[PDB]
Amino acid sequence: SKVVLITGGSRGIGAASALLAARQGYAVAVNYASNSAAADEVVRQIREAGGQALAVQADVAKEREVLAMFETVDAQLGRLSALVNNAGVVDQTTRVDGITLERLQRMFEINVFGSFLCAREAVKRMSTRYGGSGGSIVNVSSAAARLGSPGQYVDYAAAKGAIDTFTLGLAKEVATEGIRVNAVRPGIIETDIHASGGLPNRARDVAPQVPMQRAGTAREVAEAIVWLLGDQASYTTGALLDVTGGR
């Protein structure tokens, strides 16, 4: 049974990915930062449908917690075949001229540094250079990497631009080691994330901006993530897959 670790697996895109991955036969490590109840609910659904899963707490911005999380996965599920770097946050609407260092630090440490750290630990386990059997990593970026989120969260957009470049660089770096590395760029998706930044109606309000005239679902994003993870995408690496309704 291949093992997949999903950071921020407890809600939204991460939860939809967890559920779909399990339907495809992965054992799933569902990471959460504090919402144990949500993570337990994803695990419950997986198990009730006949799959294997484990909820694992860690703040991906904390190196010791990332290490412990991977050790737990090693011990309880086995060596991972797949990693989804989904953990990520927005913040309140801001202009750059209102940005604090503390805001930037948080934005980048979760969205960017967490993805580097989880990828480090994944590569160490996966790479054929270390006797691993290879694997697949999907980073969750955003259309914002291309659009810049002006007047909303240019910092978030920049963090996602870092993720796009990271994706390409890491892909090239491990391409001989049996590892593929890709990113999905979701557009406006129906999740709690918009409410977390003070804009609970954002999916509805911005739908007229999207060429397809609706927000996307978490499940739609999960489909792209799980495709990239799997063997049907065996010559795809360094790809940036837009899931945006045309945005």
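All residue numbers refer to positions in the sequence shown, first residue = 1.
Remark: stretch with higher mean C-alpha B factor among 70-78 and 172-180 is 70-78. Remark: stretch with higher mean C-alpha B factor among 184-192 and 56-64 is 56-64. Looking only at 28, 212, 222, 206, the residue with the top Cα B factor in the deposited structure is 206. For residue 121, the recorded CA temperature factor ranks within the middle third of the chain's modelled residues. For residue 146, the recorded CA B-factor ranks within the lowest third of the chain. Only modelled residues enter the ranking. Ranked within its chain, residue 153 lands in the middle third, by CA B factor from the PDB record. Annotation for residue 7: CA B-factor lies in the middle third of the chain's modelled residues.
Ranked within its chain, residue 88 lands in the highest third, by CA B factor from the PDB record.
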